[PDB]
Amino acid sequence: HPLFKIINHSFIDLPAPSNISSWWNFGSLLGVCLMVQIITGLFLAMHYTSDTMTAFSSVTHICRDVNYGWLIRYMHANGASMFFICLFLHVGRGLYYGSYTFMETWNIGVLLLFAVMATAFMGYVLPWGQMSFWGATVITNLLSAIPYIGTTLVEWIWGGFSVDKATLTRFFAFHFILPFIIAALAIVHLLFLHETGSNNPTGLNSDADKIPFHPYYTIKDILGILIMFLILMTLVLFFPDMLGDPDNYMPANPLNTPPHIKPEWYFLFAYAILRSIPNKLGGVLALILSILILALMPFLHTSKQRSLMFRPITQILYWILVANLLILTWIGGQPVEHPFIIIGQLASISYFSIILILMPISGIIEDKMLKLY
Amino acid sequence: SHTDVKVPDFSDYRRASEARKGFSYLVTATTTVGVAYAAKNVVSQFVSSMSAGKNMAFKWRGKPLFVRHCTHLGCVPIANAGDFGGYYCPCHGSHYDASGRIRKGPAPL
Amino acid sequence: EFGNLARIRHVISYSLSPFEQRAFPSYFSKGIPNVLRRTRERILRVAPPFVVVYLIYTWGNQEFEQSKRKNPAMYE
Amino acid sequence: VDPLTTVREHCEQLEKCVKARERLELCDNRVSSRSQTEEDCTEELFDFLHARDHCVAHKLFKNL
Amino acid sequence: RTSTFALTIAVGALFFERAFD
Amino acid sequence: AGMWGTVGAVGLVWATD
Amino acid sequence: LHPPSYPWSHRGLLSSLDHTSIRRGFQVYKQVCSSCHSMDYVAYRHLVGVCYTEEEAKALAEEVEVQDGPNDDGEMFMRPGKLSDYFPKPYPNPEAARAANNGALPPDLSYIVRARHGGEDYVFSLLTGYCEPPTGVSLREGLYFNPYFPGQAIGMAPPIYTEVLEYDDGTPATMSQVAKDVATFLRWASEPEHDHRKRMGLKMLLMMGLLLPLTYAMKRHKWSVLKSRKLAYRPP
């Protein structure tokens, strides 16, 4: 049956490696999350208006009156946080096990990330709080950095001299579409992957040992979905504001600003990077490269082994990279003052030097140790 | 060859027959029950979100409160018009008497 | 698809029925000792970086704290 | 009588708060110690404040 | 039986809802 | 299959309530 | 200054808000805080709780005539309110508040606790943390030194004193008792669902404790087959 053939071809009789660990669950979790974010976003869109006049209010109404609104709204927010947790672990799996040699899958991949990042800003700006307002102005102004056409672009997006209703209503649509957009791009992802099949943690050709997916990696994905739902509902029903900033519950003071303004955790480091480069433009570029350096990653693979299971020096460099990514996430939070700044500057220098320089040199050294080079 | 190697010992994994199967099924049954329990809860509340000779009306309770001295498709009957000196609904021709009783047309009650 | 995947030869693959094998082999009892082995093997290469980090965070916090700390003598 | 006052007083009596208070007292005395100086003591004030306050919460809400 | 398996399960979920609720 | 109709009906009543 | 910890009862994981206090804090707001602050998003219907059921809320609903009703032209304030009547506002216009608040703004306090970092604590601290300005203190206009306050120049007039008001329940109206009680109410209003949720969370923990080992057991059933597979290489 031509509709059931594709479903069989991608989920039932798909030959999968028998030895893939739990990490490989995470991408499926992302798909489940996207669904969750989107469906939650629907109800969030329902009973919601893009009007600075009623946007903040009906939402409070959702938090107060909408039937189970408090539940759907905080499920949407903590599901965005869960989406970025699963996204970061998915990207870390791709970096560690050498899955970036699937270059088309990775590029659909790197793009996917930029998109998800935007949807965050989108969802973020939408409740029209104090923090949303001052956060939007900040990143929109990031664009002004552009050398020649910057001012125009910023004003275009804002739809006026400064973010105001004009922005809220349009940002609303992107945040209603980018989700649909990213969703499709993911579909491209799955196709560009089945052409090659998934990778295994040993990094070897797993053609000799492949099993079906229906009874082996389906119940595994169901168990991972159940565990992710446990973490999401203990994030929603027990600590609903440990990841947000209380500023949200403040109707935007078109006039006043939050003494401490911080982008959300998922992007915290991103901005940390910006804060580091003295030049505004430099910051914007480095920021972009921060995400883009990944796309650049499949051209930096200089080893004869795909995965890092048998590569201890590059394992050490990888965990140092995860370490200073956590450091950059912390610094972003810290205010502008000594010595947070220096750490930020170093941490950014170390991040770009480990990804650009240290890992291919280490892979060359590791090939020399096995009498291969 | 064909017989040189006997099946290795799986006793390490081997469990002590329909009883075993029943227990395993029982497990699946309970889990399905759990899934279903959550389903009724989630779906219900899920759906629950979408849940909440003259005449004169004051829109009481969001509906026209006719006070005087359409059962069919819900339009407003027009007072002081019609063939029964009560009401007439320009939507499909239902004529209501002064008592508001449907006398002619397709209005049900 | 299955079939036409790899030229694997002479690889007998014995197996046992699911309902025939013990339903739930002890994980804590048997698996975790090896898990401990597994984790200890890598941790020796995993925590070192984080070991460094915590230190950075700690030092930074107090340092920044002292930085803010004003000296009565300063402008005294 | 506000238990807050009483508890605050009590906590202050706690040797820990007593010592924290010692600091504050020495420091507030220091506030008046010099004029051209910038011995605001806000820092030491806050130091004692938080310490004592921890004790307060440690034993105020129950009275509350 | 498979069909009864589902049947009793549906009924089990049926009552469990009330009890758990 | 016959009981499936019945099974669904039973669960339906529960879910619909 | 980093507000220290505080042992709020409702904050207990599976425990909930003490409505009695909540009630008491709604009184505190009605008699003191409503002169410059208003629970706009809160309505008498929202106000409903063990603290105040719709019936009691009705009393309060009928207890107000401010902007509850409009006139021939819907101007000024023209009629009392009822259950659907939303909470009265001390000011019909932001300017009004600004005018009657040193030019500053007394924020409606509907989501105030959520708004403030460590709100519940902050609130308590601010209302009861004016402390003492040791030096370099120049309060300009209707300000009140409070190290807990970010600028120690709160301008949130200290409106609570021993027996500031009188609790109908009779619980001694000490500044702290008053402060703590209103805190509860404010918290209650900020999250009218705090109690509702925690019950869900308890049901969620019980259901996940039932369902995680059972789904793990299924998975380990269907994966035992492979996990016992013994491979042997028998070159001819």
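The chains carry the letters A, B, C, D, E, F and G, assigned in the order they are written, with residues numbered from 1 in each.
Heads up, the rule we're going with is that a contact is a pair of C-beta atoms (placed from the backbone, for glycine too) under 8 Å apart; a residue touches a chain by one contact, two chains touch by 3 or more.
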A student comparing C-G to B-C should find more C-beta pairs in contact for C-G
Ranking chains by how close their C-alpha centroid sits to the total C-alpha centroid puts first chain A
The distance between the C-alpha centres of chain A and chain B, rounded to whole Å, is 39
Chain-centre distance (mean CA atoms) for chain D and chain F, in whole Å, is 69
Chain B and chain G have mean C-alpha positions lying a whole-number Å distance apart equal to 36
Chain C to chain F, mean C-alpha position gap in Å, rounds to 46
Where chain A touches two or more other chains at once, the residues are 71
Each of the following residues of chain D touches two or more other chains, namely 39-40
Two or more other chains are touched by the chain G residues 207, 211, 215, 217-218, 221-222, 224, 226-228, 230, 232, 234
In the complex, chain G touches chain B at residues 207, 210-211, 214-215, 217-218, 221, 224, 227-228, 230, 232, 234
Chain A partner, complex, touching residues on chain B are 45-46, 48-52
In their shared complex, chain A is touched by residues of chain C numbered 1-2, 5-6, 8, 11, 45-46, 48-50, 52-53, 56-57, 60, 63-64, 67-68
Seen from chain F, its contact residues with chain E in the complex are 1-4, 6-8, 10-11, 13-14
Chain B contacts chain G in the complex at 4-5, 8, 10, 12-13, 24, 27-28, 30-31, 34-35, 37-38
